[PDB]
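**Student:** Here it is: the structure, laid out below.
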Amino acid sequence: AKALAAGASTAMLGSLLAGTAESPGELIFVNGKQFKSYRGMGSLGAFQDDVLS
Amino acid sequence: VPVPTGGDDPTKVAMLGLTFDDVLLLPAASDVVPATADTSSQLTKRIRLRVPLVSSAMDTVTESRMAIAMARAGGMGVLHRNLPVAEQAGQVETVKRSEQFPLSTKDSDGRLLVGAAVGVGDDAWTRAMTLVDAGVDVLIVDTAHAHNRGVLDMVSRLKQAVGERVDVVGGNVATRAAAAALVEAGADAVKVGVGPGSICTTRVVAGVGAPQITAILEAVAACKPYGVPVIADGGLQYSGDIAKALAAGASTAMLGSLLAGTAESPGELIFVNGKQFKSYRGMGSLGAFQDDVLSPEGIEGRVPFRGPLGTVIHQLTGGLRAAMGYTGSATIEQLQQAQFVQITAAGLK
Amino acid sequence: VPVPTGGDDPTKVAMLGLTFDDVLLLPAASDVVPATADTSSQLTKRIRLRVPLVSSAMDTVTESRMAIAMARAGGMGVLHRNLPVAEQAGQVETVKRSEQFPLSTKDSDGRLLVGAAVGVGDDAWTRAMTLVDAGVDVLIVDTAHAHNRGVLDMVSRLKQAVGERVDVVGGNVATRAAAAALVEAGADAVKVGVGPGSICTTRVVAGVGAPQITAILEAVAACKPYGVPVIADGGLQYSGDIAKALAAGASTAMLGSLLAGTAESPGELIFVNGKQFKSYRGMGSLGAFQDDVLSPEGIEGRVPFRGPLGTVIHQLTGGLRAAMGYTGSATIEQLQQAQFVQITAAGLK
Amino acid sequence: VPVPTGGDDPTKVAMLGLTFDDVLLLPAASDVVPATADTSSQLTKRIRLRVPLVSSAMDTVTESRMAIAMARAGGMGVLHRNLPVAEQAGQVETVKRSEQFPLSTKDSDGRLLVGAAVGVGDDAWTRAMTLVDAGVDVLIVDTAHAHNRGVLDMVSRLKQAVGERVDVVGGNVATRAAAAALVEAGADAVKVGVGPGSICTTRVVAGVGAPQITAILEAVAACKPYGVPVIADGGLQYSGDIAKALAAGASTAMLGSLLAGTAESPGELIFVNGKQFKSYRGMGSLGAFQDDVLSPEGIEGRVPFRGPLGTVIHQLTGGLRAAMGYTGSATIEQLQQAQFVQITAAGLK
Amino acid sequence: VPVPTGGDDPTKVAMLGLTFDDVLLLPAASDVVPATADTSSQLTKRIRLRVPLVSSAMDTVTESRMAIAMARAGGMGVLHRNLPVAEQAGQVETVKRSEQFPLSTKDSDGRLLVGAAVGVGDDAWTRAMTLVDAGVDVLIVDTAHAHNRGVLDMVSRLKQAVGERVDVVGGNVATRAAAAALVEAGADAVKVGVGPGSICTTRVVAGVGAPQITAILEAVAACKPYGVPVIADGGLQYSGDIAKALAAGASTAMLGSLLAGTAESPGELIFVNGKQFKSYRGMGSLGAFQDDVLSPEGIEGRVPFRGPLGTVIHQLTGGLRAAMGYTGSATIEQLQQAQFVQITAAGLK
Ligand SMILES: O=c1[nH]cnc2c1ncn2[C@@H]1O[C@H](COP(=O)(O)O)[C@@H](O)[C@H]1O
Ligand SMILES: O=c1[nH]cnc2c1ncn2[C@@H]1O[C@H](COP(=O)(O)O)[C@@H](O)[C@H]1O
Ligand SMILES: O=c1[nH]cnc2c1ncn2[C@@H]1O[C@H](COP(=O)(O)O)[C@@H](O)[C@H]1O
Ligand SMILES: O=c1[nH]cnc2c1ncn2[C@@H]1O[C@H](COP(=O)(O)O)[C@@H](O)[C@H]1O
Ligand SMILES: O=c1[nH]cnc2c1ncn2[C@@H]1O[C@H](COP(=O)(O)O)[C@@H](O)[C@H]1O
């Protein structure tokens with residue numbers, strides 16, 4: 001709401017959608033809880049020819 | 001001259017009681033593939049289950065859904081009695097009315113088997129007659145201490161009245177004398193265990209109990225010459241415990257907390273800090289028609305959610321099949337003759 | 001040829017000592033409803049209590065308020081002696097001067113029973129005479145090690161002087177020989193236990209102690225042929241422990257920390273982080289008229305607030321009644337003949 | 001009349017099983033300097049190792065690098081079989097082709113000794129023939145329960161076919177009868193242990209196991225009159241455990257997790273919060289050609305990085321030499337006659 | 001037919017070993033006031049101490065200051081040997097040259113008694129001769145395993161040379177045979193204990209040890225008929241342990257970590273987070289003239305600062321006096337005849 005009130009017409013969402021069921025990656029179980037992976041495009045683990053990634 | 005533990009009476013301390021953690025199964029000459037082991041065993045003298053497991057008659061474990069799932073999985077379910085008689089009769093009728101399940105247990109009419117638990121008294125007699133009319137298969141005279149005169153009299157009356165239509169299973173016992181008394185009364189099966197938990201509330205509040213392995217051995221020592229099956233009830237935590245109980249002479253194992261967290265058990269799923277839990281209370285707990293005098297003698301708690309009942313039953317049956325393969329037991333009657341090795345405290349760390 | 005534990009003397013290690021956690025009560029043929037079990041038991045040869053419980057003679061447990069509450073609840077209280085003689089006589093008079101309480105213990109004049117603790121010596125003799133004049137009912141010759149010559153001589157002197165007006169109870173013993181010596185001296189009851197706690201300070205500082213079950217068995221083995229009751233003192237943590245102590249042959253159980261946190265005990269209520277606690281110290285502690293040579297041999301601490309004494313007494317009596325129902329004991333004299341089952345370390349986890 | 005542990009059969013509980021933590025080595029008359037103790041021992045009837053240690057045939061312990069390192073250190077390595085036959089033959093060839101190492105174990109051609117593990121079946125027969133053609137020295141018929149008819153038949157067939165070129169070692173056993181059966185089949189050595197871990201998955205899932213000291217004693221009691229060596233496999237955590245295993249009659253000790261964290265073991269080094277660890281999983285784990293029916297029966301985990309294998313081997317050999325000096329054993333054959341002292345639970349805290 | 005623990009040899013497991021935590025002292029007929037108990041005991045056949053305590057010959061426990069303090073407190077100190085011979089002779093001379101201390105132990109010339117520790121060898125022979133010339137009173141042939149031929153030969157040589165001027169104490173033993181061998185060699189006293197700690201490094205690294213109570217009993221069973229005193233060395237944690245060791249037959253107790261944290265012990269005081277600690281390491285530790293072959297077999301650590309040595313000695317002596325009062329022992333020779341009661345694991349929680 002703050003981003004749209006500042007003048008932006010659209011908001012792009014990252015981690016808020018990473019843990020959903022429709023996102024890629026395998027579901028992980030840790031101590032009775034459920035988690036999913038999330039990494040940036042500039043991370044060490046992650047065609048990424050971006051110099052400033 | 002005196003007893004090394006004190007006093008002059010050698011029988012003041014009757015025996016040394018072994019529990020599940022005190023023994024292990026010794027491997028023997030085995031020509032049995034675990035995938036081909038026959039796990040069928042007698043529940044009563046006239047009922048044979050494909051999987052020797054029975055659901056506990058507890059208000060947080062067995063209702064119509066759990067009874068149907070257990071009957072489909074190869075075992076049987078015993079409906080609890082912490083509710084009005086008409087509701088229990090309705091549950092029995094619901095179970096009876098209900099190629100995926102080749103191991104399902106069914107009567108001569110093709111309907112799933114079900115068991116019901118009754119108490120002691122005139123109200124319990126009316127409940128038993130209503131349940132028999134509803135089509136129940138086996139009645140369990142469920143009492144905390146079955147060596148009472150009233151429990152034996154109730155078992156005898158039930159066998160006199162509806163002894164040919166249904167089966168009668170006696171309450172919990174822990175000694176050879178009590179098992180012999182139940183057999184004399186006319187029970188079709190004997191349920192064994194009184195304070196089998198390590199920190200069971202009866203052992204703390206009343207100081208009364210009996211280790212499960214020794215109790216099973218003594219009860220089998222009294223029941224076996226007459227062909228009366230034994231149901232080990234309580235204290236089981238793993239499939240290894242089930243294998244140990246069946247190797248001590250018991251023909252059936254009754255499961256409690258192992259089935260409480262399944263999806264087929266009653267109660268609403270609870271979410272705590274990202275984890276899933278379900279309620280679990282004893283019939284003698286403060287929170288929990290419970291006219292049992294010796295049934296607070298229990299506690300409330302929660303157990304983690306485990307999923308579908310079939311997965312848990314399959315895991316337990318796989319553990320039992322592994323034990324049968326190790327001991328070289330083609331059938332349960334051959335597993336009941338396996339030998340034990342007693343381990344010290346060092347082997348429990 | 002040699003002893004398997006080392007050396008050549010087979011009696012160097014006298015016996016194997018069982019504690020409360022090593023035994024359980026075996027169920028037996030029971031026709032007893034727990035609500036109708038008779039819990040009355042002898043305190044001395046001439047005094048019978050409706051509830052077989054007695055409050056410890058400790059400065060943080062028993063004073064006039066606690067003694068009156070115990071006498072109303074069906075048991076009795078023993079006033080401590082860590083104060084001037086006149087103050088103890090005043091406490092006795094306060095207790096004696098004071099349909100809600102059908103189980104109250106009273107003398108032939110309708111006044112509540114009370115007991116007082118005395119030491120050994122001429123000052124203790126003056127204290128005992130003052131307490132007898134004040135109207136005390138039973139005198140406890142309270143010593144840590146009662147097998148001393150002086151303790152027996154004091155017991156004999158008390159029985160010679162006021163043996164017909166009041167009763168005399170010997171100090172703490174842990175062997176059959178000491179109990180026999182106390183019986184020969186003329187004690188009306190024998191109090192049993194020397195270092196009964198698992199981590200008791202006597203066992204750590206002095207290396208001296210005796211497990212409570214074996215000590216009770218040996219003391220009963222010496223006291224029973226003469227009709228001298230036994231008071232198990234120390235080591236009790238649950239109602240199951242009380243049932244085990246009474247089933248081993250003891251006629252009365254003396255309670256310490258179980259009654260320290262009640263509202264009727266002396267001391268000011270303490271608040272810590274939103275919780276309530278009260279002080280609790282042994283008579284041999286550094287902080288705590290204590291002319292006992294073998295009485296630092298104790299520690300200070302705090303116990304949670306428990307509320308009114310009646311609730312705790314009712315809980316303990318309910319546990320005892322449950323044990324009596326399980327063992328089929330209509331009276332305490334029938335509970336004293338119950339059998340034990342010995343459990344391994346695996347059953348204590 | 002009945003057994004004190006319950007029942008009427010005195011052989012229902014066969015024996016009391018001692019583990020490594022239950023015993024200690026008693027010092028004796030010693031004229032042996034630890035630096036001059038001879039640690040050489042028989043692996044099979046025809047192979048003698050300078051250091052009586054063997055690496056486990058596990059996918060996270062022994063490969064070509066670890067096998068070469070073990071052969072150089074004075075012991076031997078057994079290559080695992082969780083891979084295609086051609087790959088295992090390549091590993092054997094790599095080991096065979098490969099003054100720093102005066103204790104290295106070599107054949108008559110000057111090439112390092114190596115062992116390979118095979119299963120039971122026709123595919124296992126093809127694997128064994130391929131490994132023999134590749135130049136393997138000893139074949140281990142690795143099964144979880146070696147008292148099966150098929151395992152004995154496979155051992156007999158292998159001894160009939162390639163019994164003069166290579167040696168045959170039987171699978172894991174835990175009883176005297178199984179060891180005698182393996183000896184009769186024609187095994188050159190017997191590997192001992194079935195559920196030797198304290199919390200091993202077989203003991204929890206299947207309820208089957210045997211304490212290692214008693215199993216070693218029984219297997220030696222059957223193998224020694226025929227000169228068949230014994231390899232204690234599993235349960236070893238310290239060099240003291242190795243000394244205890246060799247003192248019970250075993251001629252060789254097989255090491256698992258003690259060698260998993262070394263640099264010569266397979267797997268990539270893992271960094272967690274500034275520390276170094278390596279993977280370790282059982283052959284029966286879910287993550288882990290494993291046609292063993294009784295092989296989930298294992299768990300995955302990680303063990304800390306330990307460095308070069310030589311340091312660990314030197315530490316273990318120093319501990320063994322210290323034990324030999326304490327017991328006055330000039331050779332391993334004299335260490336196999338040392339006496340044990342059994343300790344209680346108090347000495348394990 | 002076979003042994004219940006496995007095998008055919010009934011002597012493979014020699015005995016069951018009891019430690020300090022396995023036993024308690026039984027009260028007996030007592031006419032002894034703890035304040036008047038005589039604690040004097042023999043150190044050697046010619047030396048009697050007023051307090052039966054001796055300081056360990058460790059580099060972090062006993063030097064000249066600690067030796068003087070121990071000699072003043074009523075016991076004696078044994079100077080360690082982890083230093084050049086001239087320095088040890090200087091320490092002995094410093095101790096010998098140095099109404100407050102009525103219990104001080106002194107020779108016929110009024111100078112404090114002191115003991116010194118020597119090894120085995122020609123350098124140790126030169127050290128022993130230098131120490132004798134410096135005026136030492138007793139020489140301790142300190143070896144980890146005293147059943148060696150060289151240790152006995154050294155003891156015999158020392159007794160032949162300076163046997164009339166000074167006393168000779170044999171190294172650590174744990175069996176009856178070793179104690180008998182030391183007595184035959186001519187030792188004036190026998191020091192007892194080999195791996196007495198529960199998690200002692202010898203028991204973990206080498207798997208060799210012996211519980212202290214059984215070892216003391218066996219050594220007394222060999223030393224007592226000849227009047228050779230016994231010094232229990234190691235495993236003591238409380239004053240109750242000292243009382244138990246003296247009640248098992250030992251005449252003197254040697255103290256380690258109990259005296260390491262005192263102000264009279266060597267080493268610099270260390271401050272950590274507002275608390276005070278001091279170093280403590282074994283003679284077999286990596287950090288620690290130690291020509292002992294079987295002496296890493298020890299660990300380093302720190303113990304809290306305890307203050308002056310006299311306070312600790314008084315606390316230990318008070319505990320011993322309490323034990324003597326409980327057991328009715330007027331002298332240590334009467335405490336050496338007290339009886340034990342064996343407790344189970346339940347009484348150790
Ligand atoms: O590796 C990375 N470093 C920095 N920004 C990244 C990286 N990968 C993606 N982004 C951008 O940062 C945003 C983070 O979204 P958020 O996680 O919802 O805040 C993404 O939607 C991309 O636009
Ligand atoms: O409150 C209770 N106290 C004692 N036993 C109970 C109570 N409720 C049920 N039981 C019995 O104890 C068994 C415990 O099963 P478990 O939890 O699998 O050991 C149940 O199946 C019942 O037979
Ligand atoms: O300082 C002390 N040391 C040892 N025993 C004590 C001490 N003070 C009281 N006692 C006795 O030990 C008992 C302990 O009771 P408990 O706390 O209920 O086990 C008391 O009731 C007294 O009989
Ligand atoms: O998955 C498994 N379950 C049970 N035993 C196994 C498994 N994998 C290997 N073993 C055996 O158990 C031993 C354990 O060795 P440790 O880890 O040194 O005790 C191995 O050396 C194998 O002989
Ligand atoms: O490094 C060592 N390993 C084993 N025993 C040792 C070592 N150093 C000293 N000792 C002995 O073990 C005893 C331990 O005493 P404690 O610490 O009082 O139990 C010492 O007094 C020595 O007799």
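Following the order of the structure tokens, first chain is A, next is B, and so on, with residues numbered from 1 inside each chain and ligands from 1 in the order they appear.
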Per DSSP on the backbone, filter segment 68-279 of chain E down to the residues in strand (DSSP E) and report them as a PyMOL selection string.
**Tutor:** chain E and resi 76-79+115-118+138-141+167-173+189-192+230-233+252-255+270-272+275-279
**Student:** Using N, CA and C atoms, can you export the residues from the last selection as a JSON list (two decimals), in the first residue's frame?
**Tutor:**
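Once written, part_22.json looks like this:
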```json
[["chain", "number", "residue", "atom", "x", "y", "z"],
["E", 76, "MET", "N", 50.51, -35.94, 55.95],
["E", 76, "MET", "CA", 51.83, -35.88, 55.36],
["E", 76, "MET", "C", 51.68, -35.55, 53.88],
["E", 77, "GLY", "N", 52.77, -35.06, 53.29],
["E", 77, "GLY", "CA", 52.80, -34.74, 51.87],
["E", 77, "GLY", "C", 53.89, -35.52, 51.17],
["E", 78, "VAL", "N", 53.62, -35.89, 49.92],
["E", 78, "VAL", "CA", 54.57, -36.61, 49.08],
["E", 78, "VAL", "C", 54.94, -35.71, 47.91],
["E", 79, "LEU", "N", 56.20, -35.29, 47.86],
["E", 79, "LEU", "CA", 56.65, -34.37, 46.82],
["E", 79, "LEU", "C", 56.71, -35.07, 45.47],
["E", 115, "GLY", "N", 57.66, -36.97, 52.49],
["E", 115, "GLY", "CA", 57.88, -38.11, 51.62],
["E", 115, "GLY", "C", 58.20, -37.65, 50.21],
["E", 116, "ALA", "N", 58.90, -38.50, 49.49],
["E", 116, "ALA", "CA", 59.31, -38.18, 48.12],
["E", 116, "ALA", "C", 59.00, -39.36, 47.21],
["E", 117, "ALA", "N", 58.72, -39.06, 45.95],
["E", 117, "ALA", "CA", 58.38, -40.06, 44.95],
["E", 117, "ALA", "C", 59.53, -40.25, 43.98],
["E", 118, "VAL", "N", 59.85, -41.52, 43.69],
["E", 118, "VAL", "CA", 60.90, -41.87, 42.75],
["E", 118, "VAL", "C", 60.34, -42.86, 41.73],
["E", 138, "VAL", "N", 60.16, -41.06, 53.85],
["E", 138, "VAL", "CA", 59.59, -42.20, 53.15],
["E", 138, "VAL", "C", 59.72, -41.98, 51.64],
["E", 139, "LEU", "N", 60.09, -43.05, 50.93],
["E", 139, "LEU", "CA", 60.21, -43.04, 49.48],
["E", 139, "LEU", "C", 59.06, -43.85, 48.90],
["E", 140, "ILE", "N", 58.38, -43.27, 47.92],
["E", 140, "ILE", "CA", 57.26, -43.91, 47.23],
["E", 140, "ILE", "C", 57.75, -44.29, 45.84],
["E", 141, "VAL", "N", 57.77, -45.59, 45.55],
["E", 141, "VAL", "CA", 58.11, -46.05, 44.21],
["E", 141, "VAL", "C", 56.85, -45.93, 43.38],
["E", 167, "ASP", "N", 61.44, -45.50, 54.96],
["E", 167, "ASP", "CA", 60.43, -46.48, 54.59],
["E", 167, "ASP", "C", 60.23, -46.48, 53.08],
["E", 168, "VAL", "N", 59.76, -47.61, 52.56],
["E", 168, "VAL", "CA", 59.53, -47.79, 51.13],
["E", 168, "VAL", "C", 58.07, -48.15, 50.92],
["E", 169, "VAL", "N", 57.41, -47.44, 50.01],
["E", 169, "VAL", "CA", 56.01, -47.68, 49.68],
["E", 169, "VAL", "C", 55.93, -48.09, 48.22],
["E", 170, "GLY", "N", 55.25, -49.20, 47.95],
["E", 170, "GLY", "CA", 55.13, -49.67, 46.58],
["E", 170, "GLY", "C", 54.16, -48.87, 45.74],
["E", 171, "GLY", "N", 54.28, -49.01, 44.43],
["E", 171, "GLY", "CA", 53.46, -48.29, 43.49],
["E", 171, "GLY", "C", 52.01, -48.77, 43.52],
["E", 172, "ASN", "N", 51.25, -48.28, 42.54],
["E", 172, "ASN", "CA", 49.82, -48.58, 42.47],
["E", 172, "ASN", "C", 49.57, -50.00, 41.98],
["E", 173, "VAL", "N", 48.71, -50.72, 42.71],
["E", 173, "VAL", "CA", 48.28, -52.07, 42.36],
["E", 173, "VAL", "C", 46.76, -52.11, 42.46],
["E", 189, "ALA", "N", 54.56, -50.30, 52.79],
["E", 189, "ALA", "CA", 53.15, -49.99, 52.57],
["E", 189, "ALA", "C", 52.82, -50.25, 51.10],
["E", 190, "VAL", "N", 51.53, -50.41, 50.83],
["E", 190, "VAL", "CA", 51.06, -50.70, 49.48],
["E", 190, "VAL", "C", 50.05, -49.64, 49.08],
["E", 191, "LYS", "N", 50.28, -49.00, 47.94],
["E", 191, "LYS", "CA", 49.36, -48.00, 47.41],
["E", 191, "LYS", "C", 48.47, -48.66, 46.37],
["E", 192, "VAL", "N", 47.17, -48.40, 46.45],
["E", 192, "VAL", "CA", 46.16, -49.19, 45.76],
["E", 192, "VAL", "C", 45.34, -48.29, 44.85],
["E", 230, "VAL", "N", 47.74, -50.01, 53.83],
["E", 230, "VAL", "CA", 47.19, -49.79, 52.50],
["E", 230, "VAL", "C", 46.83, -48.32, 52.36],
["E", 231, "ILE", "N", 47.23, -47.72, 51.24],
["E", 231, "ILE", "CA", 46.93, -46.33, 50.92],
["E", 231, "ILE", "C", 46.05, -46.33, 49.68],
["E", 232, "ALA", "N", 44.77, -45.99, 49.86],
["E", 232, "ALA", "CA", 43.85, -45.89, 48.74],
["E", 232, "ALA", "C", 44.12, -44.59, 47.99],
["E", 233, "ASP", "N", 44.48, -44.69, 46.72],
["E", 233, "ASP", "CA", 44.93, -43.55, 45.93],
["E", 233, "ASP", "C", 44.01, -43.40, 44.73],
["E", 252, "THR", "N", 45.16, -45.55, 54.95],
["E", 252, "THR", "CA", 45.43, -44.16, 54.60],
["E", 252, "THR", "C", 44.77, -43.85, 53.27],
["E", 253, "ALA", "N", 44.35, -42.60, 53.09],
["E", 253, "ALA", "CA", 43.76, -42.14, 51.85],
["E", 253, "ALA", "C", 44.62, -41.03, 51.26],
["E", 254, "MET", "N", 44.93, -41.13, 49.97],
["E", 254, "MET", "CA", 45.72, -40.14, 49.27],
["E", 254, "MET", "C", 44.80, -39.27, 48.42],
["E", 255, "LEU", "N", 44.96, -37.95, 48.54],
["E", 255, "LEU", "CA", 44.02, -37.00, 47.97],
["E", 255, "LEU", "C", 44.66, -36.22, 46.83],
["E", 270, "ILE", "N", 43.90, -18.14, 38.98],
["E", 270, "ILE", "CA", 43.32, -17.73, 37.70],
["E", 270, "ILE", "C", 41.93, -17.15, 37.94],
["E", 271, "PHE", "N", 41.62, -16.06, 37.26],
["E", 271, "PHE", "CA", 40.33, -15.38, 37.39],
["E", 271, "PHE", "C", 39.56, -15.53, 36.09],
["E", 272, "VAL", "N", 38.33, -16.03, 36.18],
["E", 272, "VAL", "CA", 37.47, -16.24, 35.02],
["E", 272, "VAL", "C", 36.07, -15.76, 35.40],
["E", 275, "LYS", "N", 35.11, -15.46, 39.01],
["E", 275, "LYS", "CA", 35.38, -16.62, 39.85],
["E", 275, "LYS", "C", 36.86, -16.98, 39.80],
["E", 276, "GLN", "N", 37.28, -17.78, 40.77],
["E", 276, "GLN", "CA", 38.68, -18.14, 40.94],
["E", 276, "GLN", "C", 38.86, -19.63, 40.70],
["E", 277, "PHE", "N", 39.88, -19.99, 39.93],
["E", 277, "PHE", "CA", 40.18, -21.38, 39.61],
["E", 277, "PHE", "C", 41.69, -21.58, 39.59],
["E", 278, "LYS", "N", 42.10, -22.84, 39.72],
["E", 278, "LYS", "CA", 43.50, -23.22, 39.65],
["E", 278, "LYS", "C", 43.65, -24.46, 38.79],
["E", 279, "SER", "N", 44.84, -24.62, 38.21],
["E", 279, "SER", "CA", 45.10, -25.70, 37.27],
["E", 279, "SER", "C", 45.19, -27.05, 37.99]]
```
**Student:** Assign secondary structure with DSSP using the backbone only, and return the residues of segment 66-301 of chain B in alpha helix (DSSP H) as a ChimeraX atom specification.
**Tutor:** /B:66-73,85-97,122-134,149-162,176-185,201,212-223,239-247,257-260
**Student:** Which residues are near ligand 5 in this structure, taking near to mean any atom at most 7 Å from a ligand atom and counting only C-alpha atoms and all ligand atoms? Format them as a PyMOL selection string.
**Tutor:** chain E and resi 56-58+195+197+201-202+233-237+254-258+281-285+295+297-299
**Student:** Go ahead and dump the residues you just picked, N, CA, C and O atoms, as a short mmCIF file (atom, residue, chain, number, x, y, z; two decimals), in the first residue's frame.
**Tutor:**
```
data_model
loop_
_atom_site.label_atom_id
_atom_site.label_comp_id
_atom_site.auth_asym_id
_atom_site.auth_seq_id
_atom_site.Cartn_x
_atom_site.Cartn_y
_atom_site.Cartn_z
N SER E 56 48.78 -36.10 47.25
CA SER E 56 49.26 -36.82 46.08
C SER E 56 50.57 -36.23 45.57
O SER E 56 50.83 -35.03 45.68
N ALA E 57 51.41 -37.10 44.99
CA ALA E 57 52.68 -36.68 44.42
C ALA E 57 52.47 -36.20 42.98
O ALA E 57 52.87 -36.84 42.01
N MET E 58 51.81 -35.05 42.87
CA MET E 58 51.49 -34.46 41.58
C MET E 58 52.04 -33.04 41.52
O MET E 58 52.09 -32.33 42.53
N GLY E 195 43.25 -46.85 37.55
CA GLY E 195 42.05 -46.39 36.89
C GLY E 195 40.82 -46.36 37.79
O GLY E 195 39.78 -46.92 37.45
N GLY E 197 38.99 -43.72 38.66
CA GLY E 197 37.98 -42.78 38.23
C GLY E 197 36.95 -43.41 37.32
O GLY E 197 37.22 -44.36 36.59
N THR E 201 41.15 -41.80 32.23
CA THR E 201 41.68 -41.90 30.88
C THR E 201 42.23 -43.29 30.57
O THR E 201 42.18 -43.73 29.42
N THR E 202 42.71 -44.02 31.63
CA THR E 202 43.17 -45.38 31.35
C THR E 202 42.02 -46.28 30.94
O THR E 202 42.17 -47.14 30.07
N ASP E 233 44.48 -44.69 46.72
CA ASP E 233 44.93 -43.55 45.93
C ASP E 233 44.01 -43.40 44.73
O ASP E 233 44.03 -44.24 43.82
N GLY E 234 43.22 -42.34 44.72
CA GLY E 234 42.42 -42.01 43.56
C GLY E 234 40.95 -42.37 43.74
O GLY E 234 40.59 -43.31 44.45
N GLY E 235 40.09 -41.59 43.09
CA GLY E 235 38.67 -41.85 43.10
C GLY E 235 37.88 -41.19 44.20
O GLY E 235 36.64 -41.27 44.20
N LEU E 236 38.54 -40.53 45.15
CA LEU E 236 37.85 -39.92 46.27
C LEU E 236 37.30 -38.55 45.87
O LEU E 236 38.04 -37.71 45.35
N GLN E 237 36.01 -38.34 46.12
CA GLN E 237 35.36 -37.07 45.80
C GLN E 237 34.73 -36.38 47.00
O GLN E 237 34.57 -35.16 46.96
N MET E 254 44.93 -41.13 49.97
CA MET E 254 45.72 -40.14 49.27
C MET E 254 44.80 -39.27 48.42
O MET E 254 43.97 -39.78 47.67
N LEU E 255 44.96 -37.95 48.54
CA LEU E 255 44.02 -37.00 47.97
C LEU E 255 44.66 -36.22 46.83
O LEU E 255 45.81 -35.79 46.92
N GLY E 256 43.90 -36.05 45.75
CA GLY E 256 44.34 -35.35 44.57
C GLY E 256 43.61 -34.04 44.36
O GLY E 256 43.96 -33.02 44.96
N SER E 257 42.60 -34.06 43.49
CA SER E 257 41.87 -32.85 43.14
C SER E 257 41.24 -32.16 44.34
O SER E 257 40.99 -30.95 44.28
N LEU E 258 40.97 -32.90 45.42
CA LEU E 258 40.41 -32.27 46.61
C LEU E 258 41.37 -31.27 47.23
O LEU E 258 40.93 -30.36 47.94
N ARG E 281 46.37 -31.11 36.52
CA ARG E 281 46.69 -32.01 35.42
C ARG E 281 47.28 -33.30 35.97
O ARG E 281 47.92 -33.31 37.02
N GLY E 282 47.04 -34.39 35.24
CA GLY E 282 47.62 -35.66 35.60
C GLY E 282 49.06 -35.79 35.14
O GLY E 282 49.51 -35.11 34.23
N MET E 283 49.79 -36.70 35.79
CA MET E 283 51.18 -36.92 35.41
C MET E 283 51.31 -37.58 34.04
O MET E 283 52.40 -37.55 33.46
N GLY E 284 50.24 -38.16 33.52
CA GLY E 284 50.21 -38.73 32.19
C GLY E 284 49.64 -37.81 31.13
O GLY E 284 49.51 -38.23 29.98
N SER E 285 49.30 -36.58 31.49
CA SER E 285 48.76 -35.62 30.54
C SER E 285 49.83 -35.16 29.55
O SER E 285 51.03 -35.29 29.78
N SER E 295 52.31 -44.17 31.98
CA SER E 295 51.83 -43.00 32.71
C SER E 295 50.51 -42.50 32.14
O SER E 295 50.50 -41.79 31.13
N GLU E 297 47.68 -40.38 28.70
CA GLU E 297 46.83 -41.14 29.61
C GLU E 297 46.33 -40.27 30.76
O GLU E 297 46.09 -40.75 31.87
N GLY E 298 46.17 -38.97 30.50
CA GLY E 298 45.64 -38.05 31.49
C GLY E 298 45.12 -36.81 30.78
O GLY E 298 45.31 -36.64 29.58
N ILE E 299 44.46 -35.95 31.55
CA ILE E 299 43.88 -34.73 31.01
C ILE E 299 44.19 -33.54 31.92
O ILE E 299 44.47 -33.69 33.11
#
```
**Student:** Residues of chain A within 8 Å of chain B, counting only C-alpha atoms - could you list those as a PyMOL selection string?
**Tutor:** chain A and resi 32-34
